[PDB]
Amino acid sequence: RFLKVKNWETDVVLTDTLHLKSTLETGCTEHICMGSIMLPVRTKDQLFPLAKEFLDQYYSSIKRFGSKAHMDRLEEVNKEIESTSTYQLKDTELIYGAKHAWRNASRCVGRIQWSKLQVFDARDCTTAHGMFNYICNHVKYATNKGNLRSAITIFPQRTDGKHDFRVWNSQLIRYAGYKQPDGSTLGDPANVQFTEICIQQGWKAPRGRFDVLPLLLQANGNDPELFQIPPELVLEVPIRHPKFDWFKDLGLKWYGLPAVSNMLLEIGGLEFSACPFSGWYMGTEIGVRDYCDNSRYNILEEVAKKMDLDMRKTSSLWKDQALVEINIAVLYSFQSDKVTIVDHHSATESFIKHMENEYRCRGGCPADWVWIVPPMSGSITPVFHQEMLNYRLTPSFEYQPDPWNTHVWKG
Amino acid sequence: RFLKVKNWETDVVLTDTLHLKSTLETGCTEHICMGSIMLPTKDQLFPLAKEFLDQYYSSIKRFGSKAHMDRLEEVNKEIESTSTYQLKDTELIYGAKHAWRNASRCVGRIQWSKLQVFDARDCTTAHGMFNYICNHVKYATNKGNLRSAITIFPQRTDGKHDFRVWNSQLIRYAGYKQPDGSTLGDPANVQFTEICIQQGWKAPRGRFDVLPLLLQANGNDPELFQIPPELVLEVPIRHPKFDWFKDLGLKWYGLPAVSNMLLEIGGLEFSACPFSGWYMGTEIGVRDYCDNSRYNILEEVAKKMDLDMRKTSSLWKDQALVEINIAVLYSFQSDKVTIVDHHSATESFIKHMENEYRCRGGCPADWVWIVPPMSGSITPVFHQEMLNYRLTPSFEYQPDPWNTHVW
Ligand code: HEM
Ligand code: HEM
Ligand SMILES: Cc1cc(N)nc(CCc2cccc([C@H](CN)Cc3cc(C)cc(N)n3)c2)c1
Ligand SMILES: Cc1cc(N)nc(CCc2cccc([C@H](CN)Cc3cc(C)cc(N)n3)c2)c1
Ligand SMILES: C[C@H](O)[C@H](O)[C@H]1CNc2nc(N)[nH]c(=O)c2N1
Ligand SMILES: C[C@H](O)[C@H](O)[C@H]1CNc2nc(N)[nH]c(=O)c2N1
Ligand SMILES: [Zn+2]
């Protein structure tokens, strides 16, 4: 069956056949849409089917479907599974897998870049120290002195689920948050709980507004260990405004490298529970969400206070007006320091071309509208007007519970 | 089956049970979410009637009473005998109120129960329709202090006798393609405006011409009526700080009045049921003025503001978008015409969700539509998980009548 999406701005109509390769569930039924819901050990039993699907895909992509190399590999994986109960990906399959998990990430607006991804194979890693070294190298390579490069580091796969590699941090680089006796938070309220675990695990907290958190690393199902990223490796950008000279005096900065470290990568039924990946920021992630969410740095008040806006009635749109300035400032700052960043007009335009290209070459592009539309100025971006179909393809990135909820302490 | 919705800003979790009364289907499956697609006989009628009368008699705390059974009996007998039935005024009013209560795309539902229902089921001619619509327009405008209203024309009979308002809204601006290649006035209405000209309308060929009504009574061919100009309240758009803004020559109408939808109550279909409330500011300032396919005024405004339009990253679009929206709100408040900003509206809707969750077990809500088209994440609805499902009575989209009419 064919499925058509419409763009209401351009009248362009696309036909999706790729959704037919969807297996995983959406959360929705014919009676309920869960489109705005945030979160909606395998046996050889289910494993070989998942292995076979993946290797068929992989072999198709390299124009070798049905080849002797294809059949041989199938046969080899088959036996490894029934013999060892799992299997090892070849390098080329790991790289292709990781590229495709990104490609299939329907909440990611940056996917025009999916084929340019540096994969680091950290499957020989055995210890937390080993994980720390791998992660440092990723940070350094990805940062590239401001000329950011997409990268992922892939640590050993789940085996019995009792020996998982995990990065406890949700991102490689984030700022500490400290809940105060008076109820106020210092630093980033999103990280209070993780900051507290770090402190518990022995970290001496500077207790400032922008303290880079230490890494908390679990290898082989062992208790996690703390490591501070060399400060010289953590690129940061002071935020100033092109026209407002007082903007610098708000004392704002942000780090350059958005690097997600809490997600699970699935390739051919194998589960990679520690697979940190990084790209570059879209300006709004920082300027809109990190700075302006009420549950985050919540700076709207101070900025509008400094801009002398009419703050008595919301209908003055003082919030909206301060929000644009904060975002101009983020983009200005990153650009001035030559740190890669994309604005939300440019990111969304690119995504639309990528998406159309995906329909032409691939028969679809799964896309989550709730996430793809930027959290400011929604309708003046082309994605607002774009009908999207959301469905789940593997390989994929999945959410996992935070490891402190599941971890069995060895002590 | 018992479902939770979380707000990520506040950690408030609500439990939805109302969805388990979900009647119609979504477009979504276990395999594919269609959350962002805009458009996803005697036998059938009696369960539809019963289900509705059950909810009605439940609402007036009389479920299982003799008056309940007696009406269920009467409607039964009426359907078997006549192949349809008529709602009592009370049932009609309850039904209209609930179609609004159930409109998952409507952010303004905190108001759902203050709705003026005008029963136009006695209407027989397009002139009658015009009279009814003028009175609606006048009552709702109320010299700028807008009041919610719906006017309900006769229900579908055999489908060859539909009442329809051909306009999508009671009040809209004409659109004309120019030899110049561009578009004059509102490009959204170009096709309708041609049909008006072709049915006789004499267009002033101006940028803000109020379209004529095109009214279809009893499945007959539609007729043209101009709404009395003195009933169409309009607002010139000025900025509280940019003196030059007025020179753009922008105005908008005060009355948002949807006239193209289908009201379904207890299985009955009211195909002409224009309804109206009041505007949320972003509807005009963000969508009507700034959509590339609409009045598309961003560039001209940005230029007057002398912003750096050289690169997208200066956020000149965003900067000008904000001003355009300050101006809409400012003008409406200055001319004392009801308008709500998106901060206030979405805040009201969060309070409404809360009431609906405790009082009713949920609230069908479509996030894609509820989150304003500007500054999404700084309004509380952005952070609010919502479940979308279809409850009856309902407003349903229906195809533009010109694609369906036998002339
Ligand atoms: C190239 C630079 C990139 C840009 C500008 C970009 C943009 C974004 C943005 C704006 C989001 C939404 C983030 C949020 O609001 O939380 C996102 C989500 C996502 N991105 Fe991309 N991205 C980029 C690179 C990548 C890379 C390299 C991967 C993996 C290889 C990736 C996979 C994802 C996934 C899995 C999510 C959803 C994560 C979640 O649900 O928490 N992105 N990206
Ligand atoms: C009180 C003033 C009102 C406000 C501020 C309000 C707010 C809104 C907004 C912002 C939308 C989205 C419309 C769009 O973006 O095109 C909407 C859609 C809708 N509203 Fe309300 N509304 C109000 C009154 C009403 C009334 C009185 C009814 C029914 C009697 C109603 C039923 C609907 C329906 C059915 C839709 C979806 C229309 C469609 O799908 O095209 N609204 N409303
Ligand atoms: C590679 C990459 C590039 C880029 N431009 N941005 C990012 C930021 C990703 C990010 C940062 C913070 C928080 C989040 C996500 C939410 N924005 C974290 C999250 C939370 C929940 C509840 C579910 C879920 N699936 N995900 C994503 C990553
Ligand atoms: C009563 C009322 C109050 C208010 N504040 N705004 C409105 C605006 C309603 C409106 C105006 C213009 C256009 C539209 C809708 C689009 N925003 C028209 C439409 C188009 C399609 C394809 C599907 C669909 N379900 N609807 C709705 C109505
Ligand atoms: C409840 C709702 O799904 C939630 O707030 C989502 C909305 N859209 C989003 N979009 C992006 N890119 N990132 C987010 O964190 C969210 N949050
Ligand atoms: C494709 C997408 O569904 C479409 O652009 C929607 C998005 N959200 C919307 N939200 C509202 N309130 N009104 C609209 O017309 C739309 N358009
Ligand atoms: Zn859905």
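Every heavy atom of this structure was used, including side-chain atoms; hydrogens, water molecules and symmetry mates were not. Just so it is clear: chains get the letters A, B, ... in the order the sequence lines come, proteins before strands, and each one is counted from 1. Whatever order the structure lists ligands and atoms in, that order sets their numbers, starting from 1.
Closest protein heavy atom to atom 20 (C) of ligand 4: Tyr397(B) CE1, 3.7 Å. For atom 28 (C) of ligand 4, the closest non-hydrogen atom on the protein side is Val258(B) CG2, 3.7 Å. Atom 22 (C) of ligand 4 has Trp8(A) CH2, 3.5 Å as its closest protein atom, hydrogens excluded (heavy atom only). If you check which protein heavy atom lies closest to atom 7 (C) of ligand 6, you get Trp369(A) CZ2, 3.5 Å. Nearest protein neighbour of atom 12 (C) of ligand 4, counting heavy atoms only, is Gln169(B) NE2, 3.3 Å.
Below 3.5 Å of separation, one finds no N or O of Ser276(B) facing any N or O of ligand 4. Inclusion of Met38(B) in the set of residues having an N or O under 3.5 Å from an N or O of ligand 6 is not warranted. Taking only nitrogen or oxygen atoms, main chain and side chain alike, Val368(B) reaches within less than 3.5 Å of ligand 6. Taking distance alone, with nitrogen or oxygen atoms compared against 3.5 Å, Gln386(A) stays at or beyond that limit from ligand 6. Among the atoms of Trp8(A), none of the N or O lies under 3.5 angstrom from an N or O of ligand 6. At a 3.5 angstrom cut-off on N or O pairs, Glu283(B) counts as close to ligand 4. Some N or O of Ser36(B) is nearer than 3.5 Å to an N or O of ligand 6, by distance alone.
Among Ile227(B), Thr141(B), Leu213(B), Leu211(B), the one residue that satisfies the side-chain contact (heavy atoms from CB on, under 4.5 Å) test with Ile171(B) is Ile227(B).
Heavy atoms from both the backbone and the side chain of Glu387(A) come within less than 4.0 Å of ligand 6.
Using a 4.0 angstrom heavy-atom cutoff, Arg287(B) counts as in contact with ligand 6. Ligand 4 is never approached by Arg287(B) to a heavy-atom distance shorter than 4.0 Å.
For atom 14 (C) of ligand 4, the nearest protein heavy atom lies 4.0 Å or farther away. Distance screen at 4.0 Å: atom 18 (C) of ligand 4 has no protein heavy-atom neighbour inside the cut-off. In this structure, atom 1 (C) of ligand 4 has protein heavy atoms in its sub-4.0 angstrom surroundings.
The shortest side-chain heavy-atom distance between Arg294(B) and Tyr289(B) does not fall under the 4.5 Å cut-off.
Under the 30°/60° scheme for interplanar angles, the aromatic rings of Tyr279(B) and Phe332(B) are found to stand perpendicular.
In this structure, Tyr253(B) has its ring center closer than 6.0 angstrom to the ring center of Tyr173(B).
Protein N/O/S atoms found under 2.8 Å from the Zn ion (ligand 7): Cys28(A) SG, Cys33(A) SG, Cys28(B) SG, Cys33(B) SG.
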